[PDB]
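Raw contents of query_21.cif, mmCIF, C-alpha atoms and all ligand atoms:
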```
data_my_file
#
loop_
_atom_site.group_PDB
_atom_site.id
_atom_site.type_symbol
_atom_site.label_atom_id
_atom_site.label_comp_id
_atom_site.auth_asym_id
_atom_site.auth_seq_id
_atom_site.Cartn_x
_atom_site.Cartn_y
_atom_site.Cartn_z
ATOM 1 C CA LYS A 1 3.879 6.816 -12.015
ATOM 2 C CA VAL A 2 1.015 8.898 -10.640
ATOM 3 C CA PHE A 3 -2.209 6.923 -11.054
ATOM 4 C CA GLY A 4 -5.601 8.390 -11.814
ATOM 5 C CA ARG A 5 -8.285 7.455 -9.285
ATOM 6 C CA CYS A 6 -10.343 4.991 -11.349
ATOM 7 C CA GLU A 7 -7.211 3.989 -13.269
ATOM 8 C CA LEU A 8 -5.762 2.688 -10.011
ATOM 9 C CA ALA A 9 -9.122 1.193 -9.053
ATOM 10 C CA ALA A 10 -9.136 -0.844 -12.265
ATOM 11 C CA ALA A 11 -5.487 -1.835 -11.782
ATOM 12 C CA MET A 12 -6.115 -2.961 -8.202
ATOM 13 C CA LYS A 13 -9.246 -4.884 -9.190
ATOM 14 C CA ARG A 14 -7.410 -6.763 -11.943
ATOM 15 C CA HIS A 15 -4.731 -7.747 -9.424
ATOM 16 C CA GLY A 16 -7.465 -9.258 -7.260
ATOM 17 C CA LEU A 17 -7.650 -6.779 -4.374
ATOM 18 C CA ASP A 18 -11.431 -6.279 -4.399
ATOM 19 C CA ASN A 19 -12.730 -7.914 -1.211
ATOM 20 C CA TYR A 20 -9.307 -9.452 -0.572
ATOM 21 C CA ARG A 21 -9.150 -10.584 3.055
ATOM 22 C CA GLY A 22 -12.509 -8.843 3.447
ATOM 23 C CA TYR A 23 -11.522 -5.385 2.218
ATOM 24 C CA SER A 24 -13.575 -3.801 -0.563
ATOM 25 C CA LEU A 25 -11.872 -2.024 -3.467
ATOM 26 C CA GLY A 26 -12.705 1.410 -2.061
ATOM 27 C CA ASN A 27 -10.542 0.740 0.989
ATOM 28 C CA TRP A 28 -7.439 0.007 -1.079
ATOM 29 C CA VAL A 29 -7.888 3.082 -3.283
ATOM 30 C CA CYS A 30 -8.491 5.230 -0.201
ATOM 31 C CA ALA A 31 -5.347 3.835 1.408
ATOM 32 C CA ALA A 32 -3.374 4.596 -1.755
ATOM 33 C CA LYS A 33 -4.737 8.152 -1.786
ATOM 34 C CA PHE A 34 -3.654 9.123 1.721
ATOM 35 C CA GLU A 35 -0.495 6.984 1.780
ATOM 36 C CA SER A 36 1.090 8.144 -1.479
ATOM 37 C CA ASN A 37 -1.415 10.331 -3.344
ATOM 38 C CA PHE A 38 -1.591 7.611 -6.030
ATOM 39 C CA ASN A 39 2.163 7.933 -6.651
ATOM 40 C CA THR A 40 4.134 4.705 -7.091
ATOM 41 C CA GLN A 41 7.446 6.507 -6.507
ATOM 42 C CA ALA A 42 6.509 7.865 -3.072
ATOM 43 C CA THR A 43 9.054 7.331 -0.287
ATOM 44 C CA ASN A 44 8.935 8.259 3.402
ATOM 45 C CA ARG A 45 11.733 7.970 5.965
ATOM 46 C CA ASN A 46 10.750 6.988 9.508
ATOM 47 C CA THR A 47 12.638 7.731 12.721
ATOM 48 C CA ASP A 48 13.257 4.034 13.435
ATOM 49 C CA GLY A 49 15.629 3.775 10.471
ATOM 50 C CA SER A 50 13.044 2.227 8.153
ATOM 51 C CA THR A 51 11.469 3.671 5.007
ATOM 52 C CA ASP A 52 8.007 3.424 3.429
ATOM 53 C CA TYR A 53 7.928 2.612 -0.298
ATOM 54 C CA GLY A 54 5.404 2.776 -3.092
ATOM 55 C CA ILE A 55 1.756 3.507 -3.722
ATOM 56 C CA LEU A 56 0.854 1.724 -0.460
ATOM 57 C CA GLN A 57 3.946 2.871 1.483
ATOM 58 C CA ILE A 58 5.105 -0.624 2.454
ATOM 59 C CA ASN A 59 7.797 -0.568 5.143
ATOM 60 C CA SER A 60 11.338 -1.961 5.120
ATOM 61 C CA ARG A 61 11.345 -3.019 8.784
ATOM 62 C CA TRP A 62 9.498 -6.228 7.862
ATOM 63 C CA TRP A 63 8.490 -6.444 4.221
ATOM 64 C CA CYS A 64 11.273 -5.432 1.825
ATOM 65 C CA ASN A 65 15.043 -4.975 1.717
ATOM 66 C CA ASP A 66 16.724 -1.595 1.232
ATOM 67 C CA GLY A 67 20.010 -2.595 2.869
ATOM 68 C CA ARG A 68 19.938 0.185 5.471
ATOM 69 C CA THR A 69 17.248 -0.797 7.983
ATOM 70 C CA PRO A 70 19.082 -2.403 10.946
ATOM 71 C CA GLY A 71 17.499 -5.552 12.379
ATOM 72 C CA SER A 72 14.855 -5.679 9.657
ATOM 73 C CA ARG A 73 13.248 -8.543 7.746
ATOM 74 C CA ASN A 74 12.310 -9.118 4.093
ATOM 75 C CA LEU A 75 9.143 -11.201 4.123
ATOM 76 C CA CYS A 76 7.969 -10.281 0.612
ATOM 77 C CA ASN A 77 11.435 -11.294 -0.624
ATOM 78 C CA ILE A 78 11.928 -8.201 -2.778
ATOM 79 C CA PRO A 79 14.113 -5.127 -2.991
ATOM 80 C CA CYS A 80 12.140 -2.125 -1.761
ATOM 81 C CA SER A 81 12.806 -0.509 -5.146
ATOM 82 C CA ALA A 82 10.429 -3.071 -6.668
ATOM 83 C CA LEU A 83 7.610 -1.275 -4.852
ATOM 84 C CA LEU A 84 8.341 1.885 -6.853
ATOM 85 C CA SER A 85 7.601 0.381 -10.265
ATOM 86 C CA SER A 86 4.895 1.709 -12.576
ATOM 87 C CA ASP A 87 3.739 -1.909 -12.437
ATOM 88 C CA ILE A 88 1.883 -2.334 -9.134
ATOM 89 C CA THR A 89 2.243 -6.138 -9.150
ATOM 90 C CA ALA A 90 4.955 -6.199 -6.478
ATOM 91 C CA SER A 91 3.113 -3.764 -4.196
ATOM 92 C CA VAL A 92 -0.140 -5.710 -4.479
ATOM 93 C CA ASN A 93 1.432 -9.122 -3.880
ATOM 94 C CA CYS A 94 3.250 -7.712 -0.854
ATOM 95 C CA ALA A 95 0.119 -5.933 0.377
ATOM 96 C CA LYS A 96 -1.744 -9.247 0.225
ATOM 97 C CA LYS A 97 0.838 -10.825 2.528
ATOM 98 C CA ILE A 98 0.707 -7.818 4.866
ATOM 99 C CA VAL A 99 -3.080 -7.838 5.240
ATOM 100 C CA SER A 100 -3.017 -11.619 5.742
ATOM 101 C CA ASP A 101 -0.586 -11.393 8.677
ATOM 102 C CA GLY A 102 -3.331 -10.410 11.116
ATOM 103 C CA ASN A 103 -4.491 -6.935 12.157
ATOM 104 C CA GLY A 104 -5.934 -6.440 8.666
ATOM 105 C CA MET A 105 -5.394 -3.083 6.972
ATOM 106 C CA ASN A 106 -4.574 -1.491 10.338
ATOM 107 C CA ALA A 107 -0.941 -1.863 9.259
ATOM 108 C CA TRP A 108 -1.507 1.172 7.033
ATOM 109 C CA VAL A 109 -1.541 4.278 9.240
ATOM 110 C CA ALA A 110 -3.080 6.539 6.595
ATOM 111 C CA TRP A 111 -5.935 4.094 6.038
ATOM 112 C CA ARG A 112 -6.501 3.825 9.785
ATOM 113 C CA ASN A 113 -6.705 7.605 10.234
ATOM 114 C CA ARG A 114 -8.374 8.777 7.009
ATOM 115 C CA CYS A 115 -10.227 5.777 5.539
ATOM 116 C CA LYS A 116 -11.386 3.389 8.258
ATOM 117 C CA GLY A 117 -14.998 4.088 9.186
ATOM 118 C CA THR A 118 -15.641 6.449 6.274
ATOM 119 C CA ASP A 119 -17.425 6.340 2.914
ATOM 120 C CA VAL A 120 -14.575 4.518 1.183
ATOM 121 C CA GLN A 121 -16.904 3.527 -1.664
ATOM 122 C CA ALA A 122 -16.695 7.131 -2.869
ATOM 123 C CA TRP A 123 -13.158 6.394 -4.081
ATOM 124 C CA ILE A 124 -14.405 4.019 -6.787
ATOM 125 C CA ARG A 125 -17.457 6.166 -7.507
ATOM 126 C CA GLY A 126 -17.796 6.792 -11.239
ATOM 127 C CA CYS A 127 -15.303 4.225 -12.525
HETATM 128 NA NA NA B 1 -0.112 -1.781 -13.109
#
```

Go ahead and render the structure in this file as structure tokens.
Amino acid sequence: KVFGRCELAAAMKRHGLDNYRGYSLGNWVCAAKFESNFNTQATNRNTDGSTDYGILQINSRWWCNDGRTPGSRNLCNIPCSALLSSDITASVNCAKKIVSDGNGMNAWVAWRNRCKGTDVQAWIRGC
């Protein structure tokens, strides 16, 4: 599913992401924009054997199982496919664990390069 901007904003807010671990709603929507372009079915292969999954591009090296990432972990205890659902529940609940494991949202490369230190509030502007 490809989310609309404020549609995703509302979905993320309902799942309790606004100000979660200190990060305003705009940050999460901005991350979603540059990670996946609001697309829940986004996937990206990395050179280390891992893959990024879902609207927040959560990685299989630590967070989910795809059965083909050597030496990896599965800390969110889910198949990576769960992160591709039109229901963002699995991606949010996993994202909450990720952001709570120190380093904050710096785990998301796209957020770090395109969102951090910018007018992220513009991404929930007019919702
Ligand atoms: Na949803």

Residue members of the PyMOL selection byres (((chain A and resi 68) around 12) and not hetatm) in the file shown, as a PyMOL selection string: chain A and resi 45+48-51+60-61+64-67+69-73+79-80

Answer key for the PyMOL selection byres (((chain A and resi 21) around 9) and not hetatm), residues as a list in words: residues 17, 18, 19, 20, 22, 23, 24, 96, 99, 100 and 104 of chain A

Output file for the residues above (C-alpha atoms, as a compact mmCIF listing (two decimals), in the frame of the given file):
```txt
# COMPACT_ATOMS: atom_id res chain seq x y z
CA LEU A 17 -7.65 -6.78 -4.37
CA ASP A 18 -11.43 -6.28 -4.40
CA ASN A 19 -12.73 -7.91 -1.21
CA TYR A 20 -9.31 -9.45 -0.57
CA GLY A 22 -12.51 -8.84 3.45
CA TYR A 23 -11.52 -5.38 2.22
CA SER A 24 -13.58 -3.80 -0.56
CA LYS A 96 -1.74 -9.25 0.22
CA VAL A 99 -3.08 -7.84 5.24
CA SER A 100 -3.02 -11.62 5.74
CA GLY A 104 -5.93 -6.44 8.67
```

For the structure shown, which residues end up in the PyMOL selection byres (((not hetatm)) within 7 of (chain B and resi 1))? Put them as a ChimeraX atom specification, please? /A:11,86-89

For segment 47-54 of chain A, what centre and edge lengths in Å (one decimal) does the axis-aligned box get once 3 Å is added on each side of all its listed atoms, as lines of an AutoDock Vina configuration file?
```
center_x = 10.5
center_y = 5.0
center_z = 5.2
size_x = 16.2
size_y = 11.5
size_z = 22.5
```

Please provide as a list in words all residues within 10 Å of residue 116 of chain A, with the sequence filter that same-chain residues fewer than 6 positions apart are discarded (counting all atoms listed in the file). residues 27, 30, 31, 105, 106, 109 and 110 of chain A

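The closest residue to residue 111 of chain A, picked from A:124, A:76, A:32, A:58 and counting only C-alpha atoms, is A:32.
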
Would you pick out the contacts of residue 41 of chain A at 10 Å or less, using all atoms listed in the file, so that residues sharing its chain but fewer than 3 positions from it are not included, and give the list as a PyMOL selection string? chain A and resi 1-2+36+38+53-55+57+81+83-86

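Distance annotation: of A:115, A:42, A:98, A:92, the residue with the minimal separation from residue 13 of chain A is A:92; atom set is all atoms listed in the file.
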
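Nearest residue to residue 93 of chain A, choosing from A:113, A:59, A:77, A:40 and counting all atoms listed in the file: A:77.
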
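Here atom CA of residue 74 of chain A is placed at a distance of 5.5 Å from atom CA of residue 62 of chain A.
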
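Atom CA of residue 44 of chain A is positioned 26.3 Å from atom CA of residue 16 of chain A.
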
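Computed from the coordinates, the atom CA of residue 75 of chain A to atom CA of residue 63 of chain A distance equals 4.8 Å.
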
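Across A:6, A:90, A:29, A:120, the tightest approach to residue 78 of chain A is made by A:90 when counting all atoms listed in the file.
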
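Checking A:127, A:95, A:56, A:9 one by one against residue 37 of chain A, counting only C-alpha atoms, you find the shortest gap at A:56.
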